[PDB]
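Visitor:
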Amino acid sequence: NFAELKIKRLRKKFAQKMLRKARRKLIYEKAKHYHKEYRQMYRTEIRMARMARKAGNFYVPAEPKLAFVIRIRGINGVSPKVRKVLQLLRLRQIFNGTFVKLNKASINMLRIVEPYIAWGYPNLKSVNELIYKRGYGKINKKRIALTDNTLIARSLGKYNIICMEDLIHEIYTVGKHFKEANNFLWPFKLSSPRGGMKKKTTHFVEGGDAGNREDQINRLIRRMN
Amino acid sequence: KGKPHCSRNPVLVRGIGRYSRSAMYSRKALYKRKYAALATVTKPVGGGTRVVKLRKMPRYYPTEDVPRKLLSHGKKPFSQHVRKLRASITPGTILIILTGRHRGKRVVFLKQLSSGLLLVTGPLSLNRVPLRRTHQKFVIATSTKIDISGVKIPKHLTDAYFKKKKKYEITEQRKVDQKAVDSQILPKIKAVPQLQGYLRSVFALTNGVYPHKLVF
Amino acid sequence: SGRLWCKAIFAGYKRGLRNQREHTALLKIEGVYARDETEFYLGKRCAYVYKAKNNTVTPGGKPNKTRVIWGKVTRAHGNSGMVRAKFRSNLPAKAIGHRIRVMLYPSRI
Amino acid sequence: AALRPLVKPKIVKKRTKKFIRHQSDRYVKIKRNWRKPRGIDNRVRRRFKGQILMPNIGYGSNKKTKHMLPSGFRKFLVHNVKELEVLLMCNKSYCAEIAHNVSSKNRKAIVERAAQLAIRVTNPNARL
Amino acid sequence: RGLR
Amino acid sequence: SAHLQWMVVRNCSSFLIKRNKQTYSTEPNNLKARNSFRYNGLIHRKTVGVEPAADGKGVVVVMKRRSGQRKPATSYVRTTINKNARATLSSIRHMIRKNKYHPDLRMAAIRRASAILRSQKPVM
RNA sequence: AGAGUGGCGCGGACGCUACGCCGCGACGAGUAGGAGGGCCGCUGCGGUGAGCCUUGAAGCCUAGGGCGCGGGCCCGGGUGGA
RNA sequence: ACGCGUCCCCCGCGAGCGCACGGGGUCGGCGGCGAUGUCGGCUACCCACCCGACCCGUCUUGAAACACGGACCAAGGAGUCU
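Chains as they are written, first to last, in the entry's author numbering: chain F, 23 to 247; chain E, 41 to 77, 92 to 100, 105 to 224, 242 to 291; chain f, 2 to 110; chain e, 2 to 129; chain b, 114 to 117; chain r, 2 to 125.
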């Protein structure tokens, strides 16, 4: 009894730790390998345009995959097609937003609600601040917080999205488990804009705010998150 | 045994080190320094000798009682806190005491104690203010700095020696502390062109003369 | 031998046209006329000084008429010199257009 | 020598005043006691900006401070010296109140007992 | 075993 | 069982006293005096109690015999303990612990046999 | 956190009216009208409180002190007289 | 990337001390004012000033209405048995 069993009780503890230190190095080597991508993809869009402009050519840059969308009109008095389409994007209240992958079925949804939203093509800084500061989960039918790496590894896991680093790749590059890792997220919780709106009612193009902005949605995020 | 060395990465920013942990493998000499694997008392009495116990159980329990707290993260007491200063305050600059029975008075700075309070020293003579403490926050600093490099400032005058007792009376201990700490100070204030009509007089506000504008 | 505080004048509550807020005041500090100017005054102690019928005891004096409400300057307000405040005792509206003292003590010079 | 409780937190409250009934301020035949206005026309039913207000549950006392008097105990009302003994093991949270219509002589016999037993009585000196 |  | 008749008593006995959002129990051998399923003083097959002794001096203790649970004039069994406050409590902790006689009550009968003496001791 | 056949010191908070405690999230307008809960009231009958009262019951009055969001209720004083 | 015992393309229990941006706050920090004139008391009585606030029931698409019942106070007063 015991003197045997206590030493065997000092062999199982060092096993569950060694399950962490073989996993603790992999969180570093996954993050240092995505850093290689974000200089090898960044400078390979400046590579082609010089070497076209060289030979009197042109270079059209890559048309988008991914787009953030924010609900700016309220909740009172609303037409019954639009209530259905704003539901499907999970924008159920004012100043709330979501990730949305793009195709023909995804844009023609976003022409029916195109005076209740603002959307645009986000960057490596407007993907991560949102996912770092604000980003919550949806585990056990609850919006419980992410101050850990055994919530994202524990729910999804089988898709190979374990730490906070793979939620940047799979969204910022729309990869081959995106759906689950974006219905993973509860939609975002932005406060109001600090500076403000130009004119909420109208389309960007006229003067105000509504409809798409291709490269100045980056201005209504660092003001709102 | 082999006495304790100083840390072998210089501090780069609070929290962060400098040399990374394979190159720092080098500097703790890791490669070459491997290894592998009270209660009671028995006193004499007047055949027999007793067994006494140290800490016996109590004879009154109370009827209801509180339970243990959750431990806070990083809450040290005053003693261990860290002390700061300001840019304008340096040793020998000129301070304006703004609060006690002396208020508006021009008072000299000597040395910050380890309770964090100052030593605002009037040259008792001129103002009417001796060795005293005052508190960073309630003291304006001023642009004037006659140097206090070369004189002597005493040790035994430490922060508890000031701390209060109970017609408090000036005993014969604080009279060689009074005139000897100040007669080293007094040959460097009168030598400047016309400075001992200004420490004596009091500052105050009038009009056209607004706190937010002027430099002092 | 003189004054050690800066003169100012309680000039209404924080409010918009038809609902007034009573936990924030609105001082007009003397001779200060933009925002730029109003960093100094921020955080700095302030006092409304007055005089009831009976005797209140003091600290550092005899038991006499004079009392205070104590407070605190918080942030700037508007474009033009003004400032917000937050006393522990919510102010009378008698004091609208009457004196208050901002001090110099918790200084940052 | 007053009795400390076990522990004494910060009592904080949400209102102070009572809730008075609409138009008790005109017809003496209308009693202070509150009633829900069930009108049509009505102003207080609809919450215009000005009038009386209404009881809600957002006027909650918080569970750690409900039934806690200033001294810090909570009442438990009594008639005789046997109903006292009850409290003894729970001295530090609860405090006896000798009842109104209880007599002048039997009231003296009690306050002696809640001395031997450390129990705190809110109405000691009384009938005299 | 590899580090002892 | 015990577990039965609780369901019967719980909210009904002639020993139950409610009011002011509180709730108490005035049963012979309830030590904490509260309507509960640990603390009731008749139901079960074994019982502890701590009563204030005959005259002023001392404390009296009450076990319940395992046998005849249907024979009440010879069911409880009594003893008096009139000794020093730390040493008197040697006995009571040596009744609950080393008999194995119902090991829940331990820390109730240490706070009841120390606010029966803090009485009979003379007042402030 | 498995079980076998062979090679000095008698000591360690609270709990669990399980019809109770405790544990982590999202929401909270409402007239006609539904439904639950009321340790909210008013009068009578069986049980119970080794209840209480001429050393002062009920009712009233009270710029006395306390309790719950709320309906309402607890205590100081004076009257009154079963 | 850092002991060694063997598999290879390709040429399973070391020893302790210590500091902290680490699973929701604590000073192992201080100072005045205290007996017949002052301390405190949100609650309930009178006054004063700034903001807001038209009279209730009611039928009615619409009521502060130039739509009707209401001078004041008590005591009674309307979904019930079979």
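Each residue gets a CB set at the ideal place from its N, CA and C atoms; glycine is no exception.
Quick one: using the 10 Å Cβ neighbour count with 16 as the cut-off for buried, is e:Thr-66 buried or exposed?
Guide: exposed
Visitor: Indicate whether e:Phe-74 and e:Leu-88 have their beta-carbon atoms separated by less than 8 Å.
Guide: no
Visitor: Which residues of the stretch 37 to 48 of chain r have a Cβ closer than 9 Å to any Cβ of chain E? Give them in chain order.
Guide: none
Visitor: Do F:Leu-146 and F:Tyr-194 count as a contact pair if the criterion is CB distance below 8 Å?
Guide: Result yes, Cβ atoms of F:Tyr-194 and F:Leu-146 sit closer than 8 Å.
Visitor: Does the beta carbon of e:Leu-7 come closer than 8 Å to any beta carbon on chain E?
Guide: Taking Cβ atoms only, chain E reaches closer than 8 Å to e:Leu-7, which makes this a yes.
Visitor: Is it right to say f:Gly-72 is buried, meaning 16 or more other beta carbons lie within 10 angstroms of its own, or is it exposed?
Guide: buried
Visitor: Name the residue from F:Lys-35, F:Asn-98, F:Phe-80, F:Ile-139 whose alpha carbon lies nearest to the alpha carbon of F:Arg-235.
Guide: F:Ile-139
Visitor: Under three-state DSSP, which class holds E:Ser-276?
Guide: Of the three classes helix, strand and coil, the one that applies to E:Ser-276 here is coil, per DSSP.
Visitor: Quick one: which chain f residues come within Cβ less than 8 Å of E:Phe-196?
Guide: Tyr-106, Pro-107, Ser-108
Visitor: In chain order, what residues of the stretch 8 to 39 of chain f put their CB closer than 7 Å to some CB of chain E?
Guide: When C-beta distances to chain E are compared with 7 Å, the residues of the stretch 8 to 39 of chain f below that value are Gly-32, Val-33, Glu-38, in chain order.
Visitor: Tell whether a beta-carbon distance below 8 Å holds between r:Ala-86 and E:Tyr-118.
Guide: yes
Visitor: Taking C-beta pairs closer than 9 Å, name the residues in chain e that r:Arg-20 reaches, listed in chain order.
Guide: Result: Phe-77, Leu-78.
Visitor: With a cut-off of 8 Å on the beta carbons, I'd call r:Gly-57 and r:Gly-50 a contact; round off their distance for me.
Guide: That belief does not hold up - the Cβ atoms of r:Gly-57 and r:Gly-50 are roughly 19 Å apart, past 8 Å.
Visitor: E:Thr-192 to E:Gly-158, Cα distance in whole Å?
Guide: 9 Å
Visitor: When you check each C-beta in the stretch 110 to 121 of chain r against every C-beta of chain E, which residues fall closer than 8 Å?
Guide: Those residues of the stretch 110 to 121 of chain r placed with their C-beta closer than 8 Å to a C-beta in chain E are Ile-111, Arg-112, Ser-115, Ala-116, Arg-119, ordered along the chain.
Visitor: Taking the alpha-carbon of r:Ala-3 as reference, which of r:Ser-37, r:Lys-33, r:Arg-20, r:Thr-24 has the nearest alpha-carbon?
Guide: That would be r:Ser-37, whose Cα lies nearest to the Cα of r:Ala-3.
Visitor: Considering only the alpha carbon of each residue, which of f:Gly-44, f:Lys-29, f:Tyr-14 lies closest to f:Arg-22?
Guide: f:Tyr-14
Visitor: If you measure from the beta carbon of E:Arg-117 to each beta carbon in chain r, is any gap under 8 Å?
Guide: yes
Visitor: Helix, strand or coil: which one does DSSP assign to F:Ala-74?
Guide: helix
Visitor: With 8 Å set as the bound, which would you pick, yes or no: does the beta-carbon of E:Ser-47 sit closer than that to a beta-carbon of chain f?
Guide: no
Visitor: Quick one: is E:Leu-156 near chain f, going by C-beta distance under 8 Å?
Guide: Yes, E:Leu-156 lies at the interface with chain f (some Cβ there is under 8 Å from its Cβ).
Visitor: Take F:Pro-137 and list the residues in its own chain whose beta-carbon comes closer than 6 Å to its own, dropping the five residues that flank it on each side.
Guide: Hits under 6 Å: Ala-232.
Visitor: Would you decide whether r:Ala-114 is buried or exposed? Buried here means 16 or more other CB atoms lie within 10 Å of its CB.
Guide: buried
Visitor: Taking the continuous alpha helix (DSSP H) assigned at f:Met-83, which residues delimit it?
Guide: Looking at the DSSP string, f:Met-83 is not in any alpha helix (DSSP H); the run it does join, the beta strand (DSSP E), is 83 to 86.
Visitor: Would you check if the stretch 8 to 23 of chain e and the stretch 64 to 83 of chain f touch, i.e. whether three or more CB-CB distances between them fall below 8 Å?
Guide: no
Visitor: Can you list, in chain order, the residues of the stretch 44 to 61 of chain e whose Cβ is nearer than 8 Å to any Cβ on chain E?
Guide: Under the 8 Å Cβ criterion, the stretch 44 to 61 of chain e contributes no residue.
Visitor: Is e:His-68 close to chain r? Criterion is C-beta to C-beta, closer than 8 Å.
Guide: yes
Visitor: Spell out whether any CB of chain e is found under 8 Å from the CB atom of r:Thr-24.
Guide: no
Visitor: E:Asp-252 and E:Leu-171 look like a contact to me (Cβ under 8 Å); what is the Cβ gap, rounded to whole Å?
Guide: About 15 Å separates the two Cβ atoms, so there is no contact after all.
Visitor: Of the choices r:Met-8, r:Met-64, r:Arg-35, r:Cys-13, whose alpha-carbon is the least far from that of r:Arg-46?
Guide: By alpha-carbon distance to r:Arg-46, the top candidate from r:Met-8, r:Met-64, r:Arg-35, r:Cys-13 is r:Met-64.
Visitor: Is there at least one Cβ from chain f nearer than 8 Å to E:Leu-289's Cβ?
Guide: No, E:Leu-289 lies away from the interface with chain f (no Cβ there is under 8 Å from its Cβ).
Visitor: Let me know the alpha helix (DSSP H) ranges lying completely inside the stretch 42 to 105 of chain e, each 4 residues or longer, listed in chain order.
Guide: 83 to 86
Visitor: May I ask you to report which of helix, strand or coil DSSP gives r:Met-8?
Guide: helix
Visitor: With a 10 Å radius around its C-beta and 16 neighbouring C-beta atoms as the bar for buried, classify E:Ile-198 as buried or exposed.
Guide: buried
Visitor: Output yes or no for whether 8 Å exceeds the beta carbon distance between F:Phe-200 and F:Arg-156.
Guide: no
Visitor: CB F:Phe-206 to CB F:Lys-163, shorter than 8 Å?
Guide: no
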